[PDB]
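Take a look at this single chain in structure tokens; it is the form solved without the ligand.
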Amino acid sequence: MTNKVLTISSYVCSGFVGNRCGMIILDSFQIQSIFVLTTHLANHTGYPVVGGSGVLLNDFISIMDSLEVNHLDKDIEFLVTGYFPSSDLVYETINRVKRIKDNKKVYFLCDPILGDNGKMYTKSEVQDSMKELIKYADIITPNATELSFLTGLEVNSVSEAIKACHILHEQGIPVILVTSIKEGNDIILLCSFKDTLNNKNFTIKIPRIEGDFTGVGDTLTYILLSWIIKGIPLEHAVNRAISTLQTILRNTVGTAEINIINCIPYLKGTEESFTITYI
């Protein structure tokens, strides 16, 4: 028993976003992980009403200090960040990422959670701070809206997404997975590399299951991470993750929540249902 993953993201008491998605997925894959919360909310922000508060910086610091002093994060090989309610937590997380990476190799997946479908669901201060946090990541997983924000470019096509990714690669980010780009009633995912000598950029086209969930992206992030941790090459890890996500969505009745509890037995599916098209 040693902790392999540290993941810093939101929590909801009911339903499935952020670190609650993280918990279900990483538990099911039996990947021992630390789940540091950035919120304690009743439910996600889609509902008629929300209750609860974001985690305060002093408490976050107290937690991260406790993990370090008790050696509970000594053996972490992977780091994830997701939703932050305030920029002070983002900047503190940067400080912690720097320290974590200072004496060991840690693969940091930053899911730059800011909004979806053209619209932000984060504070404007958080957006700016996120432009700094992503610079420290090994891989980032923006949706098109998040990419557009992070770069100031429009992202309404694969061609546009490639141009925007390039801005971020120039800042040093090695790998960018753009998780949803709208094309007709298909969604396109793009995996873009800074080093296109030794890696090939690719896309995956999938049909749209007419939907809603922010838990969609969050679920994708953790399934993808799990397979990366299990040693599956990235192309294949992405194909598994999106494939499993599509199975989840077909098995989802409402649009309030992704049906992730009931699909736990299917989370480790190895089906790679889609075609990887290189650029």
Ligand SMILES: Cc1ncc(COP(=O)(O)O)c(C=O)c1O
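All residue numbers refer to positions in the sequence shown, first residue = 1. Take the two forms, superpose them, and find the largest set of C-alpha atoms that agree within 1.5 Å; that set is the rigid core. Residues that one form lacks are left out of the comparison.
The same protein has a further form, the form deposited with the ligand bound, not shown here; the description that follows concerns it.
The pocket of the shown chain is open, since the ligand, superimposed from its pose in the deposited bound form, puts no atom within 2.4 angstroms of any backbone or C-beta atom.
Picking from 24-32, 229-237, 53-61, 213-221 the stretch near the ligand in the deposited bound form, with a 4.5 Å limit on heavy atoms, gives 213-221. Site residues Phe78, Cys110 and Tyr136 are none of them in contact with the ligand in the deposited bound form, judged by any heavy atom within 4.5 Å. Looking at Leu41, you'd find a heavy atom of it within 4.5 angstroms of the ligand in the deposited bound form.
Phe202 falls outside the set of residues with a heavy atom inside 4.5 Å of the ligand in the deposited bound form. The shortest heavy atom separation between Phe193 and the ligand in the deposited bound form exceeds 4.5 Å. Taking the partner from the other structure, the ligand in the deposited bound form has a heavy atom within 4.5 Å of a heavy atom of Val12. Of the residues in 127-151, none comes within 4.5 Å of the ligand in the deposited bound form through any heavy atom. When the two forms are superposed on their rigid core between the shown form and the other one, the C-alpha shift of 2 Å or more among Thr270, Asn262, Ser14, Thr255 belongs solely to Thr255. Mapped along the sequence, displacements between the shown form and the other one of 2 angstroms or more at every C-alpha, sustained over at least 3 residues after core alignment, occur at 211-214, 253-257.
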